[PDB]
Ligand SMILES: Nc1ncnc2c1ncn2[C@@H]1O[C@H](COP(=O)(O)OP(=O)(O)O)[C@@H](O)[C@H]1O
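Next up is one chain by itself, shown in structure tokens, the form solved without the ligand.
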């Protein structure tokens, strides 16, 4: 016993227990959020406190979520001895004596880079089960993480995801074979492509795919869970370009002038085009030297980018409407420019970014709760995962993405373990630019993938 939330969590624990009673690893792919941590804690107390197996447990998760995993365990299962292997080399060395030589823990909390660097210590333990959070990292069969983790002595493995498969069948068999390689090595040897006839079985033997996966993978859908039903309406805004960036966009398609050398938009390199075009439509001061004086402060910053012209207007509107917002960026320097605008406006903000430390991330999260911070500045990658951000009313994708599931993952920072209010999602598009092409290409990937991933248990 320890906590209660939602009725479907019981049948999840029963299915998990049944898979381990069948003595195999398994994948849990219930929708983004839905309390997979809660069901994992329930599994641990079932093992330790009904089956009475207390062999050591290993948990791997991203850096941005470690403190949340501590808290939820320390809330809901105080009876389990849980410790965290983190810190400097000298600190982690001391913890070898303090913990690994002393054997007083049920559970380790860890993160991937640490377990890759200190792997030889983790090999020494016969683990009861391995839990991998945000398992998409294991989609690639070249990865050293999948090699090392598949080599550990564990009784069973559990992989957690908010959405299995990001692109294609090779990701599926990679994830699937790394759970039970004796059953599925032929798949990663490549036979499964042939067996499912390169997805040219998508409707001709869909039932074959469903019957392959459903005994082995559980996945339940948020529209099926429904319950509170806050809406998630998305709108797309198309916008042009100001004259400065119009000149440079054409120049990038052609050649730069020596005026652009004094503005230093040449002496920068041209060996890739797509990156430079995206910068140009997003903001020309992403190029070095293009802002005419380094001491400049003023609303010209909002004029040099069409996106910023709309965003300034939209943020002023939303702020006047009292709505709080999350901004996701693909680029670090774009967050820097945006924060300069927040400083110029004097808006209340917080920031999470790959350079931000673990404590600072925890502090920032607690700071964005508890009080009306207007806006959160987030990297799409480091900020996209795990966290509760129900405090926001709205989400803006300032820049597009090559994979739609990255946006879905970011949007799911709301609604995990419920949300109180409807939320709007706003996408900004550079009209008649390469940004439209990337958007259309990305959408095409999703339109393929759903025919597989709406199968399985959901059928």
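Numbering follows the first chain given and starts at 1. Rigid core here is just the name for the largest C-alpha set that superposes within 1.5 Å across the two forms.
Although it is not shown, the form solved in complex with the ligand is what the next lines describe.
Q: If we take the ligand as it sits in the bound PDB entry and superpose the C-alphas round its site onto this chain, is the site open or blocked, where blocked means 3 or more ligand atoms come within 2.4 Å of a backbone or C-beta atom?
A: Blocked: when the ligand is placed as it sits in the bound PDB entry, 3 or more of its atoms come within 2.4 Å of backbone or C-beta atoms.
Q: Heavy atoms within 4.5 Å of the ligand in the bound PDB entry: which stretch in 35-43, 429-437, 55-63, 391-399 meets that?
A: Stretch 35-43 is the one.
Q: Is residue 31 close enough to the ligand in the bound PDB entry to count, meaning some heavy atom within 4.5 Å?
A: Result yes; residue 31 sits at the interface with the ligand in the bound PDB entry.
Q: So in the bound PDB entry, is the ligand close enough to residue 417 to count as touching (4.5 Å, heavy atoms)?
A: Yes, residue 417 is a contact residue.
Q: Can you work out whether residue 24 and the ligand are in contact in the bound PDB entry, taking contact to mean some heavy atom pair no more than 4.5 Å apart?
A: No, residue 24 sits far enough from the ligand in the bound PDB entry that none of its heavy atoms falls within 4.5 Å.
Q: Answer yes if any heavy atom of residue 453 is within 4.5 Å of a heavy atom of the ligand in the bound PDB entry; otherwise answer no.
A: Residue 453: no, not in contact with the ligand in the bound PDB entry.
Q: Here the chain is shown alone; which of 72, 118, 360, 171 has a heavy atom within 4.5 Å of the ligand in the bound PDB entry?
A: None of the other options qualify; the answer is 72.
Q: Heavy atom within 4.5 Å of the ligand in the bound PDB entry: which residues of 3-32 qualify?
A: 3, 4, 5, 6, 9, 31, 32, in sequence order.
Q: Identify which of 101, 153, 275, 320 has its C-alpha displaced by 2 Å or more between this form and the one not shown once the rigid core is superposed.
A: The listed residue whose C-alpha shifts by at least 2 Å is 101.
Q: Under a superposition restricted to the rigid core, does residue 123 display a Cα displacement of 2 angstroms or more between this form and the one not shown?
A: Moves: no, less than 2 Å.
Q: Aligned on the rigid core, do the two forms place the Cα of residue 366 2 Å or more apart, comparing between this form and the one not shown?
A: Comparing forms between this form and the one not shown, the residue 366 CA shifts below 2 Å.
Q: After the core is matched up, is the C-alpha of residue 196 off by 2 Å or more between this form and the one not shown?
A: Residue 196 C-alpha, core-superposed: shift of 2 Å or more.
Q: Just to spell it out: taking the C-alpha atom of residue 143 and the C-alpha atom of residue 198, is that distance smaller or larger in the bound PDB entry than in the structure shown here, given it changes by 3 Å or more?
A: Farther apart in the bound PDB entry, by 3 Å or more.
Q: By 3 Å or more, the Cα spacing of residue 189 and residue 403 differs in the bound PDB entry; is it closer or farther than in this view?
A: Relative to this form, closer in the bound PDB entry.
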